[PDB]
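Chains as they are written, first to last, in the entry's author numbering: chain F, 1 to 152, 204 to 289, 294 to 507; chain E, 1 to 419. No residue lacks a Cβ here, since even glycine has one placed at the ideal position from N, Cα and C. Here the structure comes first, spelled out in structure tokens, and everything after it is commentary.
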RNA sequence: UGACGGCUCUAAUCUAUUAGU
DNA sequence: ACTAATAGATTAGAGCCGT
Ligand SMILES: [Mg+2]
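As structure tokens, then:
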């Protein structure tokens, strides 16, 4: 008999310092951590898209009922949850004619096809951000469905990177999503059925729009102070590897500064997924300065986590640039080792939070499982745990497990109970996907609002 | 009739808490009178504050704080609250909701010091959960203005900290720990007697030619028929190694580092499992990076074993419980047995189209549940049980690897309602 | 790309060993 | 040194469906 320890669920802050374990609950009961005055929408799409968008924004002002109200919480309504106004009558609409799509659509070269479509949308946004005297908050690109699959070097990835030099928050919404009732695969039933998850859909879009407009729907408070949780993700470039980083830490006022610390730190080496001594020193130095300016003092340890193991030379580079009194922790979080724990009797999979301490330097942690409060698994079947191993440095295998589970509570791109992998490893994945999708920008923005 | 819940609080700061408290109670249907949210402008406020405490109030809620007890205008609402409490013969009338962190039941006025407070110092949602218990216990009547909102908000408050039971639960893994393994691991130098690049995979027993040594547990003169002049080999050139010493990570010999030995053992272990499968006659299936195994249609009795149909049918094909056992030694040597669903239109040949199988695999998966996957996997290995308590892996003439036919069991100290 | 999860199919790198150039 | 092979490992990507 091997004994499984249980990791308590960390709490995410909300309004009035109140804490709840579910963002959908702490928002509904208490509201966002910081409120914005309102959101001024901006729509770049066809006349059909604008009507749908105006329909949907007006739809989510009022409470929304999904079939299974017991398990997944209902949506009280946008102004009811967040406190701000999101009006569909304040839309700075920029029409894109359907015929204009056709001429770009017929270009032979795929490179010219995707680039012209990206240049189509961003140019209207960029011009409307220089000529219009309207202070648009979030630019919503209701893209027609022909754009998605005829254009298929990614439309979505290209668009975000080219807007980085202008710092324009955008929220791409496929028309098949906002008008899901009106898109069927000739059977009469929707291509995707959102009927039972209407509140789930409305929750996710609203907090995304709320976040991109300068709002902070929630923040974390269950981390050890003085720690700079830095996450590294490597992306293949075609023999080039880019390694963006995302950092998360508490400021002096107990505020999480969840930002990036990014750049295409390139590895033209035959051995992949590692960093040269030159590149690795710059990466850790950047995060050290960012904490230095954000808090005044240096971190007393840096919690470096990644999905890849670290060799000696790059770790040595970290040691060389690391100041005195600061520890290093290298954590490798992978989702590959099959360790399926079927429950003895019953039909609901293993509960989230169970952890198997393999030894003093490794563990298996169940970030995905059965969540009691939501009463409906974010998964469907037996969930694979994530293998968490202390690759380098001296750290407590139980304290690391708590922190890794803690980092799974900062997903702003969705308002789910928790994410399977730590978000810092997921957001840095999104950043690397976005950045490299175009030419090398001298300085990327460090606000996730421009990537997610 | 008196069916209103009065709220007293400090004027400037308590508003935030009381506003949230007032709206939630109103949303639940509890009639509430707040001195800032329901006081008409230009009225004689004490005239209407006193009057409603005497006449309109059925409960009295005090937002207790370090200043709400030093505020002259609040104690006056307390002082009249005690008086109306006396005539109403209701001891459960004044409910001093404590919110301030620094106020701990030792600077409270004697009037409320005898009373039982409701704690909000740590969390407002739970503190409000305490109040709903207190109000429902006393049968305080509340209207149903919007029934859907009242029920939903009640549930949101009700299920705030619940679902973590201290009950023990047993989990069945896909790990199958090895029971037995050969005592000695041997390097055969059949090189002098080995043909150039002699395929080592064709051997009856698993043997890896590490350098010029055929690393295997198999006895020296075993491959007599397969490998010619086997008997002519001298047992002196065979290098004996204690297997348990390797598994303990102590055999750091200069000839071979310990780390390489386990990987060979796993290489031997996976090969031996594959070799056993041919003996068991299970139909195999190549994968992207692995090797599948299953039972052909009609091979198994009614295509079912241990009251579990290891072989079934979906759409126009036959779903087959696929497996891909993989070996692991760190830290406890375990042979992981995975779970898969292969598909065969006739029950024999598998759909060659990878697209059709993968689409089929998902369609079958959305049917099986946690319990179903457990039943399918454990029935599969039970069919593969050589012994009634294990199944062996022949790696030599007299060398065997018994592995527990039952999966490794994990125990946890937290469970849930599992509705 | 509202999201999340699982899975599949590839591909490469590192390690060991031998062969070959 | 450089390639080729047999593995185990450890990474990435595509891709196809569920919820
Ligand atoms: Mg997004």
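Contact set between residue i and chain F, taken where Cβ atoms lie within less than 7 Å
| i | result |
| --- | --- |
| residue 159 of chain E | 428 |
| residue 289 of chain E | Residues of chain F passing the Cβ test: none, with the nearest at roughly 11 Å. |
| residue 404 of chain E | Residues of chain F passing the Cβ test: none, with the nearest at roughly 14 Å. |
DSSP-derived helix/strand/coil call for residue i
| i | result |
| --- | --- |
| residue 70 of chain F | coil |
| residue 229 of chain F | helix |
| residue 8 of chain F | coil |
| residue 406 of chain F | strand |
| residue 254 of chain F | helix |
| residue 205 of chain F | coil |
| residue 387 of chain F | strand |
| residue 18 of chain F | coil |
| residue 114 of chain F | helix |
| residue 418 of chain F | strand |
| residue 383 of chain E | helix |
| residue 96 of chain E | strand |
| residue 399 of chain E | coil |
| residue 150 of chain E | helix |
| residue 327 of chain E | strand |
| residue 507 of chain F | coil |
Partners in chain F for residue i, counting only beta-carbon separations shorter than 9 Å
| i | result |
| --- | --- |
| residue 365 of chain E | 435 and 436 |
| residue 207 of chain E | Under the 9 Å cutoff, chain F gives no residues; its nearest Cβ is about 28 Å from residue 207 of chain E. |
| residue 137 of chain E | Within chain F, no residue comes near residue 137 of chain E; the closest Cβ sits about 22 Å away, beyond 9 Å. |
Cβ-heavy atom distance, residue i to ligand 1, below 6 Å
| i | result |
| --- | --- |
| residue 259 of chain F | yes |
| residue 466 of chain F | no |
| residue 507 of chain F | yes |
Interface residues of chain E facing residue i [CB-CB closer than 9 Å]
| i | result |
| --- | --- |
| residue 69 of chain F | 148, 151, 152 and 155 |
| residue 6 of chain F | 164, 412, 413 and 414 |
Closer than 8 Å at the beta carbon, the chain E residues around residue i
| i | result |
| --- | --- |
| residue 413 of chain F | 331 |
| residue 293 of chain F | No atoms of residue 293 of chain F appear, because in chain F residue 289 is followed directly by 294. |
Residue j beta carbon less than 7 Å from that of residue i
| i | j | result |
| --- | --- | --- |
| residue 470 of chain F | residue 254 of chain F | yes |
| residue 335 of chain F | residue 316 of chain F | no |
| residue 293 of chain E | residue 323 of chain E | yes |
| residue 220 of chain F | residue 138 of chain F | yes |
| residue 301 of chain F | residue 282 of chain F | yes |
| residue 61 of chain F | residue 78 of chain F | yes |
| residue 479 of chain F | residue 319 of chain F | no |
| residue 379 of chain E | residue 310 of chain E | yes |
| residue 396 of chain F | residue 420 of chain F | no |
| residue 358 of chain F | residue 384 of chain F | yes |
| residue 508 of chain F | residue 411 of chain E | Residue 508 of chain F cannot be examined here, being either before or after the span of chain F that is shown, 1 to 507. |
| residue 461 of chain E | residue 11 of chain E | Coverage of chain E is limited to positions 1 through 419, which leaves residue 461 of chain E absent and any answer about it impossible. |
| residue 71 of chain F | residue 436 of chain F | no |
| residue 234 of chain F | residue 242 of chain F | yes |
| residue 83 of chain F | residue 31 of chain F | yes |
| residue 53 of chain E | residue 80 of chain E | yes |
| residue 382 of chain F | residue 415 of chain F | no |
Chain-ordered chain E contacts of residue i [CB-CB under 7 Å]
| i | result |
| --- | --- |
| residue 472 of chain F | Result: empty, since nearest Cβ-Cβ is about 12 Å, beyond 7 Å. |
| residue 3 of chain F | 411 |
Neighbouring residues, chain F, relative to residue i (Cβ below 8 Å)
| i | result |
| --- | --- |
| residue 124 of chain E | 16, 18 and 30 |
| residue 417 of chain E | 427 |
| residue 397 of chain E | Those within 8 Å of residue 397 of chain E in chain F number zero; the least Cβ separation is about 33 Å. |
May I ask you to list, following chain order, the residues of the segment 30-50 of chain F that have a beta carbon less than 7 Å from some beta carbon of chain E?
none
If the cut-off is 8 Å on Cβ atoms, which residues from the segment 388-410 of chain F count as contacting chain E, listed in chain order?
393, 394, 395, 396, 397, 398, 399, 400, 401, 402, 403, 404, 405, 406, 408 and 409
Against chain E, which members of the segment 17-28 of chain F pass a CB distance test of less than 7 Å?
18, 19, 20, 25 and 28
Could you please tell me which residues of the segment 360-392 of chain E, in chain order, have their CB closer than 8 Å to any CB of chain F?
365, 366, 368, 369, 370, 371, 373, 374 and 377
Under 9 Å, CB to CB, which of the residues in the segment 178-195 of chain E have a partner in chain F?
none
If contact means a Cβ-Cβ distance below 8 Å, which residues of the segment 162-178 of chain E contact chain F?
162, 163, 164, 169, 170, 171, 172, 173, 174 and 175
May I ask you to list, following chain order, the residues of the segment 94-117 of chain E that have a beta carbon less than 9 Å from some beta carbon of chain F?
none
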